[PDB]
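Observations on the model geometry
Given next are the chains, with one letter for each unit.
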Amino acid sequence: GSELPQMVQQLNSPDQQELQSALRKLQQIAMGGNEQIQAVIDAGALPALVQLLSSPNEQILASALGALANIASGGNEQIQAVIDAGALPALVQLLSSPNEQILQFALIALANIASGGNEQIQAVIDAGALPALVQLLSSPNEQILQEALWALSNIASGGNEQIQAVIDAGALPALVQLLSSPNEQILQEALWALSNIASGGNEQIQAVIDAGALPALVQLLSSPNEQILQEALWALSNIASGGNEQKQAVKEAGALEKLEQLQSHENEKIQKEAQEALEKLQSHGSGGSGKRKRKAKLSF
Ligand SMILES: [Ca+2]
Ligand SMILES: [Ca+2]
Ligand SMILES: [Ca+2]
Ligand SMILES: [Ca+2]
Ligand SMILES: [Ca+2]
Ligand SMILES: [Ca+2]
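Residues numbered from 1 in each chain as written, not as in the entry; some residues may be left out. Chains lettered and ligands numbered in written order. Heavy atoms only, no water.

Method of determination, as given in the entry header: X-ray crystallography; reported resolution: 2.1000 Å.

The following block contains the structure:
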């Protein structure tokens, strides 16, 4: 309430101490849920925060990113307000920053925007984010790689046209290569990304198959890691939701025997996901694939 208008005014303060302070307070208020986010938007914060993405002051920039990321953790309409204030061109340009901290925070903000509805996701694609995000799949910096993977995964949680944009940007070969990663964080994310691409139409599922995902996905059905096991099951289950050619590719890769054995796993969630995937492979229908979105905060 009554202190918020002052905080927003202070985003243009000639006193850098007052500015940085107001920015941090807004960032923190935007951690408090969608009603609190809406109070920040209603006080007029957005134009100023977006303007500050052009700041050459790295402390200001990092906090502005933090604030906008938190606002973009809200509802689809709150995300759309951020897009409407003009955030995307600045965020996309920041994907080329040589500052790893700024890059990380930019990625998180983009990822949150791409956790909105299909129209919000399409704005991200139309702003040109995908070629940069796909290029970052090759980063030797695990932190950067992890945040780019989340952004791609969220973009692939849209409709078939959004998924097709991801495929056409050349993401699949890198994502399939990541299924070999010894890094459990990266592996999990690569599986989210591929699962979401495999939640589209049959020709999207087939692009995943044609890029060579199945043998690695079937190997992961041998993991003692219950989290990785569930993630590989989700991916196989999405692919098995396609048509006959897709179901048949899954059978040719040897999944049947393993899916059947996994119905005897003590973990009830694994049991259930195995049974469901198996029923789809032997079913005559299609559909039932699952999409997942990730939202993250930034509390400084
Ligand atoms: Ca001054
Ligand atoms: Ca500077
Ligand atoms: Ca650097
Ligand atoms: Ca490294
Ligand atoms: Ca490891
Ligand atoms: Ca285990």
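Remarks on the environment of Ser13
Position of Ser13 relative to the elements: it lies in the loop between α1 (4-9) and α2 (16-29). C-alpha of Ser13 to C-alpha of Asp126: the two residues are 113 residues apart in sequence and 33 Å apart in space. Excluding residues within four positions of it along the chain, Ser13 makes contact with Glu18 and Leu19. (Helix = DSSP H or I, 4+ residues; strand = E, 2+ residues; numbered from the N terminus. Contact = heavy atoms within 4.5 Å.)

Side note on the pattern of salt bridges
Working definition: two side chains of opposite charge can pair if their charged atoms are close together. Considering all chains together, one arrives at two salt bridges under this definition. Here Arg292 makes a salt bridge to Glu231, at a shortest N to O gap of 3.0 Å. On the criterion of sequence distance, the pair formed by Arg292 in the segment after α20 (268-281) and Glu231 in helix α17 (residues 226-239) is long-range, its members being 61 residues apart. With relative accessibility at 13%, the residue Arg292 sits in the buried group. The exposure class assigned to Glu231 is buried, which follows from its relative accessible area of 4%. When the shortest N-O distance is used, the salt bridge between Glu276 and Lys280 registers 3.9 Å. Residue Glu276 and its partner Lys280 are both found in helix α20; the two are separated by four residues, about one turn of the helix. Residue classification places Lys280 among the buried residues on the basis of a relative accessible area of 11%. (Salt bridge = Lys/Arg side-chain N within 4 Å of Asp/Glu carboxyl O. Buried < 20%, exposed > 50% of the residue type's maximum accessible area, 1.4 Å probe, protein only.)

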